[PDB]
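What follows is a short report on a single structure.
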Amino acid sequence: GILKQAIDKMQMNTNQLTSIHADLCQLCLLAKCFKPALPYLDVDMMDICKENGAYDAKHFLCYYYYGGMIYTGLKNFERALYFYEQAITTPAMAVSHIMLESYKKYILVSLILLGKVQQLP
Amino acid sequence: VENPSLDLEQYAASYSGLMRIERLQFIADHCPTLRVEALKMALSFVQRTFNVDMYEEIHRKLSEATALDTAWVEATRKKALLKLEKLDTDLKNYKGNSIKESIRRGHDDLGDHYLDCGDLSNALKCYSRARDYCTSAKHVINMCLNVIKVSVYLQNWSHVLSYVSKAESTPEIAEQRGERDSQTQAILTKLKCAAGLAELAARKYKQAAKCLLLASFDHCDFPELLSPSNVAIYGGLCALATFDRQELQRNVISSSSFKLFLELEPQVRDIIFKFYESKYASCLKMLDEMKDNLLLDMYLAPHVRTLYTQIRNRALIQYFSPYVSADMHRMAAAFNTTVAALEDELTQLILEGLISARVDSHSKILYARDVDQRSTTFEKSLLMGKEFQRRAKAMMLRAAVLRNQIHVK
């Protein structure tokens, strides 16, 4: 309930991704309450807060991975697959343990939803 | 399995020269429970044509399956070496005299001796060296024929096809009209047969069918190349398996150039006619009867099974073409199978092939399926719109992350 009024009070508009979306998704994932985060996941983010610095790619990967896991938990595969795809295709020059165990889950969700592993962009 | 209907004596007598032995070799390869007797008959009938290495190979094979005049064969080898040395001396003399015809004849004789001995690399090198000596178009055609036949013995079909095409297109497309309806020397028929054999061995059945029907009967029989009976068999099977109804009617049924070939083999003629006349029980029965004999061929056996499947498949789509709902008991009786096997084959065809139908297995009836165009277009358009919206949202997010310079290092 705190990192829910701390998100819409600090971001510009509803379509602006801030570094607290990842924390909200992680908190509502650790305690199995997937309903509070739905209003913050159904929105298609189209701008990203610079946050006066900081905001590495870790927050981006965390948001687009935990949201996919939340959507998988509610059996919304059509959007969990999209979230995992957004997590994988982040520009990268090294290996992180959020782009690996998101490709691995993307394969499984693609097999469950479709009949085949969808080709990455 | 085993078939005595094939007359090995007549089949060997159809061909002449070295090639016969090669064919008999396949008879040794495909002869369960009769390989030894067939090989003994082949040795008894075709002991001629100066077999040396293959003779010893076959003798050892039959000895190990179920001493000789080694002095005479060693003396024959020594005499062959002396003849080869004399031929080399004559070739050197011709080179000193600088006569193109003399050196060409010497190279041809050396290649012939290599053929009857078994040498292929030296013969190939000799042919490659002699290829660089061309003066007139007749000599070009002659050396093309020589290299084509030795490559057929060498079994490199891509080169044969390429050089046949080049030699066909070189002389202003076969002299335009064709020198007053072809020449007495039917070289064009030989080129067509060689191209057909190459394309058949290169897994292109339709091209072999198309170019093997243009061979004429005036060529009689070329022992080095295919005999007329084999030409008819190949051009019938490939045409049946590849040509549709209009093509089969125009190029095989009604053409007055292939019927003379079909007179040699009446079974293939009956099979083609019964396929055309929608009589499939008899056609398939004759095909299955002749499959066992065809399996003993040399250039067609590896392609038999596939071809057969193709042919059978055609009949299926040709059976259901006029019908909007067909009883499967009559279909199974027509194709000489049970209803369950027919159902499995029909499902395999419906899943991917040309049959657009649905099986009602409560009453065993195959119903023709008519697609609805309006609903299909609506579904596809809505799916395309959904995919486009997803892609656009993803690209907007990608633009945002690229603009903000977000990456992992």
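Quick note on naming: the chains in the structure tokens go A, B, ... in the order shown, residues restart at 1 in each chain, and ligands are numbered from 1 in order of appearance.
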
### Task
List every residue of range 113-359 of chain B that DSSP, applied to the backbone, labels as helix (DSSP H, G or I), and write the result as a PyMOL selection string.
chain B and resi 113-117+121-131+137-154+157-169+172-175+187-201+205-212+217-219+228-242+245-253+259-264+266-276+280-294+301-320+328-334+339-352

### Query
Skipping near chain neighbours, those fewer than 3 positions away, what residues fall within 12 Å of residue 209 in chain B using only C-alpha atoms, listed as a count of residues only?
34

Using only C-alpha atoms, what table do you get, as JSON lines, when you list each residue of chain B with an atom no more than 10 Å from chain A, its nearest pair of atoms, and their distance in Å rounded to one decimal, rows by chain then rising number?
```
{"residue": "B:390", "atom": "CA", "partner": "A:82", "partner_atom": "CA", "distance": 8.5}
{"residue": "B:391", "atom": "CA", "partner": "A:121", "partner_atom": "CA", "distance": 9.6}
{"residue": "B:393", "atom": "CA", "partner": "A:44", "partner_atom": "CA", "distance": 7.4}
{"residue": "B:394", "atom": "CA", "partner": "A:86", "partner_atom": "CA", "distance": 7.5}
{"residue": "B:395", "atom": "CA", "partner": "A:46", "partner_atom": "CA", "distance": 9.6}
{"residue": "B:396", "atom": "CA", "partner": "A:46", "partner_atom": "CA", "distance": 6.2}
{"residue": "B:397", "atom": "CA", "partner": "A:46", "partner_atom": "CA", "distance": 5.2}
{"residue": "B:398", "atom": "CA", "partner": "A:90", "partner_atom": "CA", "distance": 8.3}
{"residue": "B:399", "atom": "CA", "partner": "A:46", "partner_atom": "CA", "distance": 8.5}
{"residue": "B:400", "atom": "CA", "partner": "A:47", "partner_atom": "CA", "distance": 5.6}
{"residue": "B:401", "atom": "CA", "partner": "A:48", "partner_atom": "CA", "distance": 7.2}
{"residue": "B:402", "atom": "CA", "partner": "A:91", "partner_atom": "CA", "distance": 8.6}
{"residue": "B:403", "atom": "CA", "partner": "A:48", "partner_atom": "CA", "distance": 9.3}
{"residue": "B:404", "atom": "CA", "partner": "A:48", "partner_atom": "CA", "distance": 7.1}
{"residue": "B:405", "atom": "CA", "partner": "A:57", "partner_atom": "CA", "distance": 9.3}
{"residue": "B:406", "atom": "CA", "partner": "A:57", "partner_atom": "CA", "distance": 5.6}
{"residue": "B:407", "atom": "CA", "partner": "A:91", "partner_atom": "CA", "distance": 5.2}
{"residue": "B:408", "atom": "CA", "partner": "A:92", "partner_atom": "CA", "distance": 5.1}
{"residue": "B:409", "atom": "CA", "partner": "A:93", "partner_atom": "CA", "distance": 5.4}
```

Next, the residues of the selection above should be written as a PDB file, in the first residue's frame with N, CA and C atoms.
```
ATOM      1  N   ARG B 390       0.565  -4.890 -31.164  1.00  0.00           N
ATOM      2  CA  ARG B 390       1.601  -5.380 -30.256  1.00  0.00           C
ATOM      3  C   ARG B 390       2.983  -4.900 -30.687  1.00  0.00           C
ATOM      4  N   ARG B 391       3.273  -4.995 -31.988  1.00  0.00           N
ATOM      5  CA  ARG B 391       4.568  -4.563 -32.501  1.00  0.00           C
ATOM      6  C   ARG B 391       4.776  -3.066 -32.303  1.00  0.00           C
ATOM      7  N   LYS B 393       3.432  -1.087 -29.954  1.00  0.00           N
ATOM      8  CA  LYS B 393       3.702  -0.817 -28.543  1.00  0.00           C
ATOM      9  C   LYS B 393       5.128  -1.208 -28.172  1.00  0.00           C
ATOM     10  N   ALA B 394       5.578  -2.373 -28.646  1.00  0.00           N
ATOM     11  CA  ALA B 394       6.944  -2.800 -28.365  1.00  0.00           C
ATOM     12  C   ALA B 394       7.955  -1.815 -28.932  1.00  0.00           C
ATOM     13  N   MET B 395       7.699  -1.295 -30.135  1.00  0.00           N
ATOM     14  CA  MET B 395       8.643  -0.359 -30.738  1.00  0.00           C
ATOM     15  C   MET B 395       8.665   0.966 -29.986  1.00  0.00           C
ATOM     16  N   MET B 396       7.512   1.425 -29.492  1.00  0.00           N
ATOM     17  CA  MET B 396       7.511   2.650 -28.694  1.00  0.00           C
ATOM     18  C   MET B 396       8.320   2.477 -27.414  1.00  0.00           C
ATOM     19  N   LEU B 397       8.164   1.332 -26.743  1.00  0.00           N
ATOM     20  CA  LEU B 397       8.994   1.068 -25.568  1.00  0.00           C
ATOM     21  C   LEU B 397      10.474   1.019 -25.937  1.00  0.00           C
ATOM     22  N   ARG B 398      10.795   0.403 -27.079  1.00  0.00           N
ATOM     23  CA  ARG B 398      12.180   0.330 -27.533  1.00  0.00           C
ATOM     24  C   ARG B 398      12.747   1.718 -27.804  1.00  0.00           C
ATOM     25  N   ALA B 399      11.945   2.596 -28.403  1.00  0.00           N
ATOM     26  CA  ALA B 399      12.381   3.967 -28.629  1.00  0.00           C
ATOM     27  C   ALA B 399      12.644   4.679 -27.312  1.00  0.00           C
ATOM     28  N   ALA B 400      11.782   4.461 -26.315  1.00  0.00           N
ATOM     29  CA  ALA B 400      11.991   5.092 -25.014  1.00  0.00           C
ATOM     30  C   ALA B 400      13.295   4.632 -24.369  1.00  0.00           C
ATOM     31  N   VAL B 401      13.562   3.323 -24.389  1.00  0.00           N
ATOM     32  CA  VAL B 401      14.788   2.833 -23.758  1.00  0.00           C
ATOM     33  C   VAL B 401      16.022   3.280 -24.540  1.00  0.00           C
ATOM     34  N   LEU B 402      15.950   3.308 -25.875  1.00  0.00           N
ATOM     35  CA  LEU B 402      17.084   3.791 -26.661  1.00  0.00           C
ATOM     36  C   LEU B 402      17.356   5.268 -26.403  1.00  0.00           C
ATOM     37  N   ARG B 403      16.303   6.082 -26.312  1.00  0.00           N
ATOM     38  CA  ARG B 403      16.488   7.503 -26.041  1.00  0.00           C
ATOM     39  C   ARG B 403      17.072   7.732 -24.654  1.00  0.00           C
ATOM     40  N   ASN B 404      16.630   6.959 -23.659  1.00  0.00           N
ATOM     41  CA  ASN B 404      17.124   7.162 -22.301  1.00  0.00           C
ATOM     42  C   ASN B 404      18.487   6.528 -22.054  1.00  0.00           C
ATOM     43  N   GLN B 405      19.041   5.806 -23.029  1.00  0.00           N
ATOM     44  CA  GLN B 405      20.361   5.181 -22.918  1.00  0.00           C
ATOM     45  C   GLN B 405      20.410   4.194 -21.749  1.00  0.00           C
ATOM     46  N   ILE B 406      19.603   3.145 -21.862  1.00  0.00           N
ATOM     47  CA  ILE B 406      19.513   2.100 -20.851  1.00  0.00           C
ATOM     48  C   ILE B 406      20.138   0.840 -21.434  1.00  0.00           C
ATOM     49  N   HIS B 407      21.165   0.325 -20.763  1.00  0.00           N
ATOM     50  CA  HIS B 407      21.830  -0.901 -21.176  1.00  0.00           C
ATOM     51  C   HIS B 407      22.534  -1.500 -19.970  1.00  0.00           C
ATOM     52  N   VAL B 408      22.906  -2.770 -20.092  1.00  0.00           N
ATOM     53  CA  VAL B 408      23.611  -3.489 -19.038  1.00  0.00           C
ATOM     54  C   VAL B 408      25.052  -3.710 -19.478  1.00  0.00           C
ATOM     55  N   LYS B 409      25.992  -3.357 -18.609  1.00  0.00           N
ATOM     56  CA  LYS B 409      27.410  -3.429 -18.933  1.00  0.00           C
ATOM     57  C   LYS B 409      28.159  -4.324 -17.951  1.00  0.00           C
TER      58      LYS B 409
END
```

### Message
Would you pick out the contacts of residue 229 in chain B at 8 Å or less, using only C-alpha atoms, so that residues sharing its chain but fewer than 4 positions from it are not included, and give the list as a list in words?
### Response
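In the requested form, the answer reads residues 233, 261, 264 and 265 of chain B.
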
Could you write out the selected residues, including N, CA and C atoms, as a PDB file, in the first residue's frame?
```pdb
ATOM      1  N   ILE B 233       9.884 -47.724 -69.404  1.00  0.00           N
ATOM      2  CA  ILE B 233       9.533 -47.881 -67.994  1.00  0.00           C
ATOM      3  C   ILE B 233       9.763 -46.579 -67.236  1.00  0.00           C
ATOM      4  N   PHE B 261       7.331 -46.834 -77.963  1.00  0.00           N
ATOM      5  CA  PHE B 261       8.065 -47.298 -76.792  1.00  0.00           C
ATOM      6  C   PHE B 261       7.184 -48.158 -75.896  1.00  0.00           C
ATOM      7  N   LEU B 264       6.824 -52.018 -76.387  1.00  0.00           N
ATOM      8  CA  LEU B 264       7.800 -52.952 -75.831  1.00  0.00           C
ATOM      9  C   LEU B 264       7.368 -53.464 -74.462  1.00  0.00           C
ATOM     10  N   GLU B 265       6.848 -52.579 -73.613  1.00  0.00           N
ATOM     11  CA  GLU B 265       6.386 -52.953 -72.282  1.00  0.00           C
ATOM     12  C   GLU B 265       4.882 -52.739 -72.195  1.00  0.00           C
TER      13      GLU B 265
END
```

#### Entry: B:282, B:76, B:185, B:135 ranked by distance to residue 268 in chain B, top pick (using only C-alpha atoms)
B:282

### Message
One decimal, in Å: what's the spacing between CA of residue 4 in chain B and CA of residue 34 in chain B?
### Response
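Separating CA of residue 4 in chain B from CA of residue 34 in chain B is a distance of 10.0 Å.
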
## Note on the structure
Counting only C-alpha atoms, closest pick from A:29, A:36, A:112, A:63 relative to residue 5 in chain A is A:36

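The space between CA of residue 64 in chain B and CA of residue 36 in chain B spans 10.6 Å.
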
### Task
Report the distance between CA of residue 72 in chain A and CA of residue 389 in chain B in Å, rounded to one decimal place.
21.5 Å

### Task
Quick one: everything within 9 Å of range 119-131 of chain B, counting only C-alpha atoms, minus sequence neighbours fewer than 2 positions away in the same chain. Send it as an NGL selection string.
:B and (103-104 or 107-108 or 110-117 or 133-134 or 140 or 143-144 or 146-147 or 150-151 or 154)

Write the residues of the selection above to a file with C-alpha atoms, as a CSV table (one decimal), in the first residue's frame.
```
chain,number,residue,atom,x,y,z
B,103,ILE,CA,46.5,-38.8,-81.0
B,104,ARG,CA,42.7,-38.7,-80.5
B,107,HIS,CA,43.7,-41.5,-76.3
B,108,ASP,CA,40.4,-43.2,-77.1
B,110,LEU,CA,44.0,-46.0,-74.0
B,111,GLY,CA,40.7,-45.0,-72.3
B,112,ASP,CA,39.0,-48.1,-73.7
B,113,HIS,CA,41.8,-50.3,-72.3
B,114,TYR,CA,41.5,-48.5,-69.0
B,115,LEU,CA,37.8,-49.3,-69.0
B,116,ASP,CA,38.2,-53.0,-69.7
B,117,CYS,CA,41.0,-53.1,-67.1
B,133,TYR,CA,41.8,-30.7,-78.9
B,134,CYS,CA,38.8,-29.5,-80.8
B,140,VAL,CA,33.2,-31.6,-80.4
B,143,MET,CA,34.3,-35.9,-77.5
B,144,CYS,CA,31.2,-34.8,-75.7
B,146,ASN,CA,32.9,-39.9,-75.1
B,147,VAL,CA,33.1,-37.8,-71.9
B,150,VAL,CA,32.6,-42.3,-69.3
B,151,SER,CA,31.0,-40.0,-66.8
B,154,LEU,CA,31.8,-42.7,-63.4
```

### Query
Please, which residues of chain A, numbered as in this document, come out strand (DSSP E or B) from DSSP, as a ChimeraX atom specification?
/A:16-17,47-48,92
